[PDB]
Amino acid sequence: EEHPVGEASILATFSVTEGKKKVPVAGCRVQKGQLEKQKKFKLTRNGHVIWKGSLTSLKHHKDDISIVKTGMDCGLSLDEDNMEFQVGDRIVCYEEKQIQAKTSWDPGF
RNA sequence: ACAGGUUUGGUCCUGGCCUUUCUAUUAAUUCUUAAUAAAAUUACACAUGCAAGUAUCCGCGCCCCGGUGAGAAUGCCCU
RNA sequence: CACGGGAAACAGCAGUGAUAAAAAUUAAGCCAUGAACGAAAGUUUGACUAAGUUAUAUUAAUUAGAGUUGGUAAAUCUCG
RNA sequence: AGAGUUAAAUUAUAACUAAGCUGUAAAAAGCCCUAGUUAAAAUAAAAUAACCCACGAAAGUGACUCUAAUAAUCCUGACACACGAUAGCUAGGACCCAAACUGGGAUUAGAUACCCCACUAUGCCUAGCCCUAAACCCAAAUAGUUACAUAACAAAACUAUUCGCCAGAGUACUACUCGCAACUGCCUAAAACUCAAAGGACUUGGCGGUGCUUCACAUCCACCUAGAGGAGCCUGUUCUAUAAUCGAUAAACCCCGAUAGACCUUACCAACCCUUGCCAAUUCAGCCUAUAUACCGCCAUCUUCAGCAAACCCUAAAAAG
RNA sequence: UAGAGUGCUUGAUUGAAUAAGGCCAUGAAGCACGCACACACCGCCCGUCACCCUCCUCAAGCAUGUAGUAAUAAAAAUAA
RNA sequence: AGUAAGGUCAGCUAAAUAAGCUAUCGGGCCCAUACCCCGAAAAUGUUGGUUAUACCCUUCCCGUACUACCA
RNA sequence: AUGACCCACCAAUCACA
Ligand SMILES: *C(=O)[C@H](CCSC)NC=O
Ligand SMILES: [Mg+2]
Ligand SMILES: [Mg+2]
Ligand SMILES: [Mg+2]
Ligand SMILES: [Mg+2]
Ligand SMILES: [Mg+2]
Ligand SMILES: [Mg+2]
Ligand SMILES: [Mg+2]
Ligand SMILES: [Mg+2]
Ligand SMILES: [Mg+2]
Ligand SMILES: [Mg+2]
Ligand SMILES: [Mg+2]
Ligand SMILES: [Mg+2]
Ligand SMILES: [Mg+2]
Ligand SMILES: [Mg+2]
Ligand SMILES: [Mg+2]
Ligand SMILES: [Mg+2]
Ligand SMILES: [Mg+2]
Ligand SMILES: [Mg+2]
Ligand SMILES: [Mg+2]
Ligand SMILES: [Mg+2]
Ligand SMILES: [Mg+2]
Ligand SMILES: [Mg+2]
Ligand SMILES: [Mg+2]
Ligand SMILES: [Mg+2]
Ligand SMILES: [Mg+2]
Ligand SMILES: [Mg+2]
Ligand SMILES: [Mg+2]
Ligand SMILES: [Mg+2]
Ligand SMILES: [Mg+2]
Ligand SMILES: [Mg+2]
Ligand SMILES: [Mg+2]
Ligand SMILES: [Mg+2]
Ligand SMILES: [Mg+2]
Ligand SMILES: [Mg+2]
Ligand SMILES: [Mg+2]
Ligand SMILES: [Mg+2]
Ligand SMILES: [Mg+2]
Ligand SMILES: [Mg+2]
Ligand SMILES: [Mg+2]
Ligand SMILES: [Mg+2]
Ligand SMILES: [Mg+2]
Ligand SMILES: [Mg+2]
Ligand SMILES: [Mg+2]
Ligand SMILES: [Mg+2]
Ligand SMILES: [Mg+2]
Ligand SMILES: [Mg+2]
Ligand SMILES: [Mg+2]
Ligand SMILES: [Mg+2]
Ligand SMILES: [Mg+2]
Ligand SMILES: [Mg+2]
Ligand SMILES: [Mg+2]
Ligand SMILES: [Mg+2]
Ligand SMILES: [Mg+2]
Ligand SMILES: [Mg+2]
Ligand SMILES: [Mg+2]
Ligand SMILES: [Mg+2]
């Protein structure tokens, strides 16, 4: 079961040069909830879902921070280079909890 | 072995594999009756019954027969 | 090896679990041979004798089915 | 094995002279502190003789001189002993010239090659290792014979005494062991598994960017003439296109089946129609349906190529010639 | 062919140039030589890589099973 | 962000007749593919200005080596 | 420079009574 953790809207897109590699950076503002580094993420464009996966780098003001709270600005670089970050995109951080099912079989007796 | 098939476009040589014979176990398919012979997966575990007594007391018999091939290169033959 | 120790013994005849491709009777007699004991008549003996079971093999007849038919290697026709 | 020596080259290095020298099928790069001549140590390597066939156990040894020297009254014999080409390793010395590597230059689709230039390890000396070669004259040592006698090819066939080896092919000069100055090593040397062959020699073809001869007569080069390939048309292919045939489709198709399509032709497409439906008869006519890889008929092609083939005969065996 | 070609098949007219060489590249013949080819060079064939599968080996380690020698004492006696 | 060279065709390059090598398509060669040999199309980045010329200067884009700095 | 795989020789007549 996928239950939601946090949601953040992108604002500005940056190109940062580290180790001779241009890294697209999504500047984000966390609206409702929080974002955590280990959780799974999905990107949302005007109601569509563009991407599924985990960040490469979540970095906030020259510090790498595992958990950004609400109202916190956070830089986000994905591992997927094919992903395009626009000015108005939405981002949903979700966590997966495990539901343990019992037998669908009930013996008559 | 009285031999035969098979290397190659072909021939010779060399060289393996296989066929043909005979027996035993198992299996498949078939199966009428006798006789004789033989009876065999297992040194894994065993319900029950029987397998050692005789005899005027002592005594004498009681893995001898029977079982098995576990172990051991054990050993054969011979002093 | 067997003082000891694991532990509670069919590798006697039958049987039975397990196991394996592997499947004989939980049978009758001491009448004959052998063995034990007895001075002896005799008793005992799943040794054994006579039977039961089984195409495992031979033989005898009452029994016909299996395999094979391109070559080696006996033997074929029409369909699919 | 020692010690000593050096003729021909080559080079450091000067002296003149010249602007180039080097280098290839052809260039480039390199060098001009280069080249030619005249002078020259060291180092390394040993024309001719050798058309000889000697020495050594083998590996090996062919400039000159001297010293020392080539086991056994001579059968075979190891895993024991002592040696063992090149490469390679360690340490010290040498360095003319050659040269793995590497760097440049060409070449090429690429070229981590062949070709060009530079230069190194290394080739040399001393000392120690290493122990391998197509270490193959693929033919064991020692005595013999030339009798019997052809698988093939090759270097003719064999006896006796020995020793060493070999039991399909791969897997495999591999994996594991033991030993070894070897540590990417040598030696010794399996099995699972896979296959139904793997090998040896020959035969006739075909082929060969193999060599030597001889040619080409519209024929390859050399050469002559007129054209094609560019334009417009004509006509055929291929595609694409259509509801809308088929066949040819390297040489050996492409104004080809057609010396011939407006209807017909005609096989195609679309609508419609007809079911003993060309004929003397026939549970029969009819089919331009499939197969040209079942065929006959006609041909193309090698080809203006010279061979094919029956019947025989010959060959210490014959596939064939 | 009724008609349909710049096509085809035939007849005729005017009417040249060059070749007297070459074996280096192409091709042909003969002879040598080679062949791992024989569907016969449009032949055959080698290794990586890629896709699966089989089997051996080597593995830090882990399970289960597996046992030794050393000197002794023991031949001495009591009571009847 | 600054700096310096720069921008000629899809890629690199020459010059000022707008061209040559690869890429691309199309022909040819070959029994056939590939190499190879030809042919075609392919533009001086958009703004502005001139002149006997644009390879002069500017605007707005651009990129690149170099520095700084970027979540 | 290159050019899937696969291709081949293992059966006997006619005629007469
Ligand atoms: C990064 O540092 C962040 C910038 C994103 S806002 C566009 N601000 C704070 O963490
Ligand atoms: Mg063979
Ligand atoms: Mg054959
Ligand atoms: Mg044989
Ligand atoms: Mg049975
Ligand atoms: Mg016994
Ligand atoms: Mg033993
Ligand atoms: Mg015991
Ligand atoms: Mg029993
Ligand atoms: Mg007992
Ligand atoms: Mg049972
Ligand atoms: Mg049985
Ligand atoms: Mg039964
Ligand atoms: Mg009795
Ligand atoms: Mg009695
Ligand atoms: Mg009884
Ligand atoms: Mg010197
Ligand atoms: Mg030069
Ligand atoms: Mg000399
Ligand atoms: Mg001597
Ligand atoms: Mg000797
Ligand atoms: Mg040596
Ligand atoms: Mg050396
Ligand atoms: Mg040295
Ligand atoms: Mg040197
Ligand atoms: Mg040199
Ligand atoms: Mg080079
Ligand atoms: Mg010396
Ligand atoms: Mg030699
Ligand atoms: Mg040898
Ligand atoms: Mg010898
Ligand atoms: Mg043999
Ligand atoms: Mg083997
Ligand atoms: Mg070797
Ligand atoms: Mg080895
Ligand atoms: Mg071993
Ligand atoms: Mg001509
Ligand atoms: Mg004309
Ligand atoms: Mg023309
Ligand atoms: Mg034309
Ligand atoms: Mg057509
Ligand atoms: Mg047809
Ligand atoms: Mg056709
Ligand atoms: Mg043809
Ligand atoms: Mg018509
Ligand atoms: Mg009509
Ligand atoms: Mg029809
Ligand atoms: Mg034909
Ligand atoms: Mg003739
Ligand atoms: Mg002959
Ligand atoms: Mg003949
Ligand atoms: Mg006409
Ligand atoms: Mg040869
Ligand atoms: Mg052959
Ligand atoms: Mg070839
Ligand atoms: Mg290829
Ligand atoms: Mg082929």
# chains A, B, ... in the order shown; residues from 1 in each chain; ligands from 1

$ residues_near_ligand --ligand "ligand 14" --cutoff "10 Å" --atoms "only C-alpha atoms (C1' of nucleotides) and all ligand atoms" --output "VMD selection string"
chain C and resid 30 to 35 44 to 45 47 to 49

$ write_last_selection --atoms "N, CA and C atoms (P, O5', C5', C4', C3', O3' and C1' of nucleotides)" --output "PDB file, in the first residue's frame"
ATOM      1  P     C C  30       4.919 -86.302  14.302  1.00  0.00           P
ATOM      2  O5'   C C  30       6.426 -85.844  14.504  1.00  0.00           O
ATOM      3  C5'   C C  30       7.428 -86.779  14.879  1.00  0.00           C
ATOM      4  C4'   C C  30       8.015 -87.529  13.705  1.00  0.00           C
ATOM      5  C3'   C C  30       9.144 -88.474  14.101  1.00  0.00           C
ATOM      6  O3'   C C  30       9.208 -89.558  13.185  1.00  0.00           O
ATOM      7  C1'   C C  30       9.996 -86.818  12.672  1.00  0.00           C
ATOM      8  P     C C  31       8.458 -90.940  13.491  1.00  0.00           P
ATOM      9  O5'   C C  31       7.770 -91.270  12.090  1.00  0.00           O
ATOM     10  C5'   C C  31       7.411 -92.594  11.728  1.00  0.00           C
ATOM     11  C4'   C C  31       7.861 -92.932  10.321  1.00  0.00           C
ATOM     12  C3'   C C  31       9.342 -92.744  10.025  1.00  0.00           C
ATOM     13  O3'   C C  31      10.123 -93.826  10.515  1.00  0.00           O
ATOM     14  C1'   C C  31       8.050 -91.836   8.252  1.00  0.00           C
ATOM     15  P     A C  32      11.725 -93.783  10.433  1.00  0.00           P
ATOM     16  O5'   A C  32      11.974 -93.771   8.867  1.00  0.00           O
ATOM     17  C5'   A C  32      13.044 -94.486   8.296  1.00  0.00           C
ATOM     18  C4'   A C  32      13.509 -93.837   7.025  1.00  0.00           C
ATOM     19  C3'   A C  32      14.914 -93.308   7.094  1.00  0.00           C
ATOM     20  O3'   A C  32      15.826 -94.374   6.963  1.00  0.00           O
ATOM     21  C1'   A C  32      13.518 -91.739   5.998  1.00  0.00           C
ATOM     22  P     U C  33      17.116 -94.411   7.894  1.00  0.00           P
ATOM     23  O5'   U C  33      18.176 -93.742   6.922  1.00  0.00           O
ATOM     24  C5'   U C  33      19.349 -93.164   7.428  1.00  0.00           C
ATOM     25  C4'   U C  33      19.701 -91.917   6.686  1.00  0.00           C
ATOM     26  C3'   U C  33      20.466 -90.942   7.529  1.00  0.00           C
ATOM     27  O3'   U C  33      21.806 -91.296   7.636  1.00  0.00           O
ATOM     28  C1'   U C  33      18.745 -89.802   6.457  1.00  0.00           C
ATOM     29  P     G C  34      22.319 -91.799   9.051  1.00  0.00           P
ATOM     30  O5'   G C  34      22.812 -90.448   9.723  1.00  0.00           O
ATOM     31  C5'   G C  34      23.631 -89.585   8.961  1.00  0.00           C
ATOM     32  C4'   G C  34      23.441 -88.145   9.317  1.00  0.00           C
ATOM     33  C3'   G C  34      23.615 -87.790  10.766  1.00  0.00           C
ATOM     34  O3'   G C  34      24.966 -87.794  11.164  1.00  0.00           O
ATOM     35  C1'   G C  34      21.776 -86.626   9.885  1.00  0.00           C
ATOM     36  P     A C  35      25.360 -88.501  12.541  1.00  0.00           P
ATOM     37  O5'   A C  35      25.005 -87.397  13.624  1.00  0.00           O
ATOM     38  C5'   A C  35      25.537 -86.097  13.477  1.00  0.00           C
ATOM     39  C4'   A C  35      24.772 -85.089  14.287  1.00  0.00           C
ATOM     40  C3'   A C  35      24.560 -85.429  15.747  1.00  0.00           C
ATOM     41  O3'   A C  35      25.713 -85.171  16.533  1.00  0.00           O
ATOM     42  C1'   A C  35      22.546 -84.638  14.819  1.00  0.00           C
ATOM     43  P     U C  44       8.872 -86.579  20.679  1.00  0.00           P
ATOM     44  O5'   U C  44      10.037 -85.509  20.494  1.00  0.00           O
ATOM     45  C5'   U C  44      10.334 -84.613  21.551  1.00  0.00           C
ATOM     46  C4'   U C  44      11.576 -83.810  21.286  1.00  0.00           C
ATOM     47  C3'   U C  44      11.708 -83.204  19.909  1.00  0.00           C
ATOM     48  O3'   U C  44      10.929 -82.041  19.764  1.00  0.00           O
ATOM     49  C1'   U C  44      13.755 -84.161  20.533  1.00  0.00           C
ATOM     50  P     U C  45      10.430 -81.605  18.310  1.00  0.00           P
ATOM     51  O5'   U C  45      11.777 -81.279  17.520  1.00  0.00           O
ATOM     52  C5'   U C  45      12.517 -80.088  17.772  1.00  0.00           C
ATOM     53  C4'   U C  45      13.795 -80.059  16.971  1.00  0.00           C
ATOM     54  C3'   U C  45      13.645 -80.072  15.460  1.00  0.00           C
ATOM     55  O3'   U C  45      13.313 -78.811  14.907  1.00  0.00           O
ATOM     56  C1'   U C  45      15.240 -81.675  16.079  1.00  0.00           C
ATOM     57  P     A C  47      15.701 -74.745   9.694  1.00  0.00           P
ATOM     58  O5'   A C  47      16.706 -75.971   9.837  1.00  0.00           O
ATOM     59  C5'   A C  47      16.754 -76.975   8.837  1.00  0.00           C
ATOM     60  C4'   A C  47      17.994 -77.815   8.974  1.00  0.00           C
ATOM     61  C3'   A C  47      18.237 -78.823   7.869  1.00  0.00           C
ATOM     62  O3'   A C  47      18.910 -78.254   6.767  1.00  0.00           O
ATOM     63  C1'   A C  47      18.481 -79.876   9.966  1.00  0.00           C
ATOM     64  P     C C  48      18.109 -77.954   5.418  1.00  0.00           P
ATOM     65  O5'   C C  48      17.446 -79.360   5.051  1.00  0.00           O
ATOM     66  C5'   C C  48      18.250 -80.511   4.806  1.00  0.00           C
ATOM     67  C4'   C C  48      17.583 -81.785   5.282  1.00  0.00           C
ATOM     68  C3'   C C  48      16.390 -82.257   4.476  1.00  0.00           C
ATOM     69  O3'   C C  48      16.796 -82.979   3.330  1.00  0.00           O
ATOM     70  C1'   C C  48      15.890 -82.374   6.799  1.00  0.00           C
ATOM     71  P     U C  49      15.909 -82.934   1.997  1.00  0.00           P
ATOM     72  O5'   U C  49      14.673 -83.895   2.317  1.00  0.00           O
ATOM     73  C5'   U C  49      14.869 -85.286   2.525  1.00  0.00           C
ATOM     74  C4'   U C  49      13.590 -85.978   2.905  1.00  0.00           C
ATOM     75  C3'   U C  49      12.402 -85.655   2.023  1.00  0.00           C
ATOM     76  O3'   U C  49      12.383 -86.446   0.852  1.00  0.00           O
ATOM     77  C1'   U C  49      11.775 -85.439   4.285  1.00  0.00           C
TER      78        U C  49
END

$ interface_residues --of "chain F" --to "chain A" --cutoff "10 Å" --atoms "only C-alpha atoms (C1' of nucleotides)" --output "PyMOL selection string"
chain F and resi 69-71

$ write_last_selection --atoms "N, CA, C and O atoms (P, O5', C5', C4', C3', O3' and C1' of nucleotides)" --output "PDB file, in the first residue's frame"
ATOM      1  P     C F  69      34.781  30.763  -5.978  1.00  0.00           P
ATOM      2  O5'   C F  69      33.192  30.670  -6.087  1.00  0.00           O
ATOM      3  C5'   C F  69      32.388  31.839  -5.992  1.00  0.00           C
ATOM      4  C4'   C F  69      31.087  31.702  -6.753  1.00  0.00           C
ATOM      5  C3'   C F  69      30.177  30.553  -6.349  1.00  0.00           C
ATOM      6  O3'   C F  69      29.442  30.800  -5.162  1.00  0.00           O
ATOM      7  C1'   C F  69      30.327  30.637  -8.704  1.00  0.00           C
ATOM      8  P     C F  70      28.714  29.585  -4.402  1.00  0.00           P
ATOM      9  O5'   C F  70      27.189  29.730  -4.844  1.00  0.00           O
ATOM     10  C5'   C F  70      26.361  28.589  -5.003  1.00  0.00           C
ATOM     11  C4'   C F  70      25.695  28.574  -6.358  1.00  0.00           C
ATOM     12  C3'   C F  70      24.865  27.339  -6.668  1.00  0.00           C
ATOM     13  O3'   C F  70      23.560  27.427  -6.135  1.00  0.00           O
ATOM     14  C1'   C F  70      26.296  27.803  -8.495  1.00  0.00           C
ATOM     15  P     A F  71      23.215  26.804  -4.697  1.00  0.00           P
ATOM     16  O5'   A F  71      21.627  26.791  -4.709  1.00  0.00           O
ATOM     17  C5'   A F  71      20.917  26.166  -5.772  1.00  0.00           C
ATOM     18  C4'   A F  71      20.045  25.064  -5.238  1.00  0.00           C
ATOM     19  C3'   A F  71      20.085  24.932  -3.715  1.00  0.00           C
ATOM     20  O3'   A F  71      18.784  24.638  -3.207  1.00  0.00           O
ATOM     21  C1'   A F  71      20.747  22.886  -4.714  1.00  0.00           C
TER      22        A F  71
END

$ residues_near_ligand --ligand "ligand 52" --cutoff "9 Å" --atoms "only C-alpha atoms (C1' of nucleotides) and all ligand atoms" --output "PDB file with N, CA and C atoms (P, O5', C5', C4', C3', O3' and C1' of nucleotides), in the first residue's frame"
ATOM      1  P     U E   1      -2.812 -11.077 -89.730  1.00  0.00           P
ATOM      2  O5'   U E   1      -3.615  -9.760 -89.361  1.00  0.00           O
ATOM      3  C5'   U E   1      -3.325  -9.064 -88.165  1.00  0.00           C
ATOM      4  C4'   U E   1      -3.971  -7.718 -88.178  1.00  0.00           C
ATOM      5  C3'   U E   1      -4.757  -7.380 -89.423  1.00  0.00           C
ATOM      6  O3'   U E   1      -6.031  -8.000 -89.474  1.00  0.00           O
ATOM      7  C1'   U E   1      -3.440  -5.539 -88.792  1.00  0.00           C
ATOM      8  P     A E   4      -1.960   1.352 -90.888  1.00  0.00           P
ATOM      9  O5'   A E   4      -1.806   1.900 -89.399  1.00  0.00           O
ATOM     10  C5'   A E   4      -0.554   1.956 -88.753  1.00  0.00           C
ATOM     11  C4'   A E   4      -0.715   2.060 -87.259  1.00  0.00           C
ATOM     12  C3'   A E   4       0.388   1.397 -86.466  1.00  0.00           C
ATOM     13  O3'   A E   4       1.534   2.207 -86.397  1.00  0.00           O
ATOM     14  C1'   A E   4      -1.705   0.836 -85.519  1.00  0.00           C
ATOM     15  P     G E   5       2.690   2.080 -87.499  1.00  0.00           P
ATOM     16  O5'   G E   5       3.959   2.417 -86.619  1.00  0.00           O
ATOM     17  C5'   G E   5       3.777   2.682 -85.237  1.00  0.00           C
ATOM     18  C4'   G E   5       5.092   2.636 -84.524  1.00  0.00           C
ATOM     19  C3'   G E   5       6.294   2.601 -85.459  1.00  0.00           C
ATOM     20  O3'   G E   5       6.725   3.911 -85.814  1.00  0.00           O
ATOM     21  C1'   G E   5       6.406   0.778 -83.963  1.00  0.00           C
TER      22        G E   5
END

$ residues_near_ligand --ligand "ligand 41" --cutoff "12 Å" --atoms "only C-alpha atoms (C1' of nucleotides) and all ligand atoms" --output "PyMOL selection string"
chain D and resi 236-239+245-249+253-254+256-257

$ residues_around --residues "residue C:20" --least-positions-apart "5" --cutoff "12 Å" --atoms "only C-alpha atoms (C1' of nucleotides)" --output "PyMOL selection string"
chain B and resi 26+41-42

$ residues_near_ligand --ligand "ligand 50" --cutoff "9 Å" --atoms "only C-alpha atoms (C1' of nucleotides) and all ligand atoms" --output "PyMOL selection string"
chain D and resi 152+315+317-318

$ write_last_selection --atoms "N, CA and C atoms (P, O5', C5', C4', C3', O3' and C1' of nucleotides)" --output "PDB file, in the first residue's frame"
ATOM      1  P     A D 152      53.362 -50.301 -52.471  1.00  0.00           P
ATOM      2  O5'   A D 152      52.674 -48.881 -52.254  1.00  0.00           O
ATOM      3  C5'   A D 152      51.545 -48.473 -53.014  1.00  0.00           C
ATOM      4  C4'   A D 152      51.090 -47.097 -52.590  1.00  0.00           C
ATOM      5  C3'   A D 152      52.179 -46.040 -52.504  1.00  0.00           C
ATOM      6  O3'   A D 152      52.468 -45.458 -53.767  1.00  0.00           O
ATOM      7  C1'   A D 152      50.915 -45.993 -50.527  1.00  0.00           C
ATOM      8  P     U D 315      49.514 -56.785 -67.741  1.00  0.00           P
ATOM      9  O5'   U D 315      49.813 -55.451 -66.935  1.00  0.00           O
ATOM     10  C5'   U D 315      50.946 -54.660 -67.263  1.00  0.00           C
ATOM     11  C4'   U D 315      51.069 -53.477 -66.341  1.00  0.00           C
ATOM     12  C3'   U D 315      50.977 -53.827 -64.857  1.00  0.00           C
ATOM     13  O3'   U D 315      51.831 -52.973 -64.097  1.00  0.00           O
ATOM     14  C1'   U D 315      49.224 -52.342 -65.435  1.00  0.00           C
ATOM     15  P     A D 317      50.599 -54.442 -57.348  1.00  0.00           P
ATOM     16  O5'   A D 317      49.370 -53.792 -58.084  1.00  0.00           O
ATOM     17  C5'   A D 317      49.321 -52.394 -58.293  1.00  0.00           C
ATOM     18  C4'   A D 317      47.927 -52.016 -58.656  1.00  0.00           C
ATOM     19  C3'   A D 317      46.965 -52.040 -57.479  1.00  0.00           C
ATOM     20  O3'   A D 317      45.930 -51.087 -57.715  1.00  0.00           O
ATOM     21  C1'   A D 317      46.313 -53.672 -59.050  1.00  0.00           C
ATOM     22  P     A D 318      46.174 -49.527 -57.420  1.00  0.00           P
ATOM     23  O5'   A D 318      45.159 -48.791 -58.407  1.00  0.00           O
ATOM     24  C5'   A D 318      45.286 -48.939 -59.812  1.00  0.00           C
ATOM     25  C4'   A D 318      43.949 -48.963 -60.517  1.00  0.00           C
ATOM     26  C3'   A D 318      42.817 -49.704 -59.814  1.00  0.00           C
ATOM     27  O3'   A D 318      41.571 -49.180 -60.290  1.00  0.00           O
ATOM     28  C1'   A D 318      43.432 -50.876 -61.779  1.00  0.00           C
TER      29        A D 318
END

$ residues_around --residues "residue F:46" --least-positions-apart "3" --cutoff "12 Å" --atoms "only C-alpha atoms (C1' of nucleotides)" --output "MDAnalysis selection string"
chainID F and resid 59:62

$ select_by_dssp --residues "chain A" --states "strand (DSSP E or B)" --output "ChimeraX atom specification"
/A:2-17,22-33,35-36,40-45,48-53,55-60,63-64,67-68,73-78,90-96

$ residues_around --residues "residue G:2" --least-positions-apart "3" --cutoff "12 Å" --atoms "only C-alpha atoms (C1' of nucleotides)" --output "PyMOL selection string"
(chain E and resi 41-42) or (chain F and resi 32-35)

$ atom_distance --atom1 "atom CA of residue A:37" --atom2 "atom CA of residue A:55"
7.1 Å

$ residues_near_ligand --ligand "ligand 47" --cutoff "7 Å" --atoms "only C-alpha atoms (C1' of nucleotides) and all ligand atoms" --output "list in words"
residues 267, 287 and 288 of chain D

$ residues_around --residues "stretch 24-33 of chain E" --least-positions-apart "5" --cutoff "8 Å" --atoms "only C-alpha atoms (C1' of nucleotides)" --output "ChimeraX atom specification"
/D:210-212,214-216,220

$ residues_near_ligand --ligand "ligand 21" --cutoff "10 Å" --atoms "only C-alpha atoms (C1' of nucleotides) and all ligand atoms" --output "PyMOL selection string"
chain D and resi 72+74-77+141

$ write_last_selection --atoms "N, CA and C atoms (P, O5', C5', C4', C3', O3' and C1' of nucleotides)" --output "PDB file, in the first residue's frame"
ATOM      1  P     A D  72      90.854 -44.333 -22.609  1.00  0.00           P
ATOM      2  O5'   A D  72      89.748 -45.424 -22.275  1.00  0.00           O
ATOM      3  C5'   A D  72      89.724 -46.124 -21.039  1.00  0.00           C
ATOM      4  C4'   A D  72      88.714 -47.244 -21.109  1.00  0.00           C
ATOM      5  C3'   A D  72      88.925 -48.247 -22.235  1.00  0.00           C
ATOM      6  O3'   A D  72      89.851 -49.265 -21.888  1.00  0.00           O
ATOM      7  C1'   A D  72      86.689 -47.519 -22.268  1.00  0.00           C
ATOM      8  P     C D  74      87.113 -55.024 -23.649  1.00  0.00           P
ATOM      9  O5'   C D  74      86.147 -53.807 -23.988  1.00  0.00           O
ATOM     10  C5'   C D  74      86.155 -53.239 -25.290  1.00  0.00           C
ATOM     11  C4'   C D  74      85.005 -52.291 -25.494  1.00  0.00           C
ATOM     12  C3'   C D  74      84.223 -52.521 -26.783  1.00  0.00           C
ATOM     13  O3'   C D  74      82.878 -52.067 -26.595  1.00  0.00           O
ATOM     14  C1'   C D  74      85.258 -50.399 -26.867  1.00  0.00           C
ATOM     15  P     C D  75      82.054 -52.458 -25.265  1.00  0.00           P
ATOM     16  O5'   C D  75      80.546 -52.489 -25.760  1.00  0.00           O
ATOM     17  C5'   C D  75      80.215 -52.988 -27.045  1.00  0.00           C
ATOM     18  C4'   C D  75      78.865 -53.647 -27.027  1.00  0.00           C
ATOM     19  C3'   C D  75      77.788 -52.917 -26.247  1.00  0.00           C
ATOM     20  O3'   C D  75      77.197 -51.832 -26.949  1.00  0.00           O
ATOM     21  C1'   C D  75      77.795 -55.187 -25.623  1.00  0.00           C
ATOM     22  P     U D  76      76.852 -50.446 -26.192  1.00  0.00           P
ATOM     23  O5'   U D  76      75.388 -50.686 -25.642  1.00  0.00           O
ATOM     24  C5'   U D  76      74.444 -51.376 -26.429  1.00  0.00           C
ATOM     25  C4'   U D  76      73.316 -51.863 -25.576  1.00  0.00           C
ATOM     26  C3'   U D  76      72.812 -50.918 -24.504  1.00  0.00           C
ATOM     27  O3'   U D  76      71.975 -49.889 -24.980  1.00  0.00           O
ATOM     28  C1'   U D  76      72.994 -53.075 -23.622  1.00  0.00           C
ATOM     29  P     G D  77      72.025 -48.465 -24.254  1.00  0.00           P
ATOM     30  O5'   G D  77      71.635 -48.806 -22.750  1.00  0.00           O
ATOM     31  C5'   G D  77      70.304 -49.107 -22.374  1.00  0.00           C
ATOM     32  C4'   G D  77      70.197 -49.248 -20.886  1.00  0.00           C
ATOM     33  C3'   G D  77      70.502 -47.985 -20.119  1.00  0.00           C
ATOM     34  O3'   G D  77      69.365 -47.157 -20.005  1.00  0.00           O
ATOM     35  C1'   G D  77      71.693 -49.790 -19.180  1.00  0.00           C
ATOM     36  P     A D 141      71.043 -45.432 -33.171  1.00  0.00           P
ATOM     37  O5'   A D 141      71.954 -46.235 -32.128  1.00  0.00           O
ATOM     38  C5'   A D 141      72.456 -45.609 -30.941  1.00  0.00           C
ATOM     39  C4'   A D 141      72.950 -46.632 -29.943  1.00  0.00           C
ATOM     40  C3'   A D 141      73.804 -47.728 -30.536  1.00  0.00           C
ATOM     41  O3'   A D 141      75.145 -47.327 -30.720  1.00  0.00           O
ATOM     42  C1'   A D 141      72.155 -48.707 -29.181  1.00  0.00           C
TER      43        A D 141
END
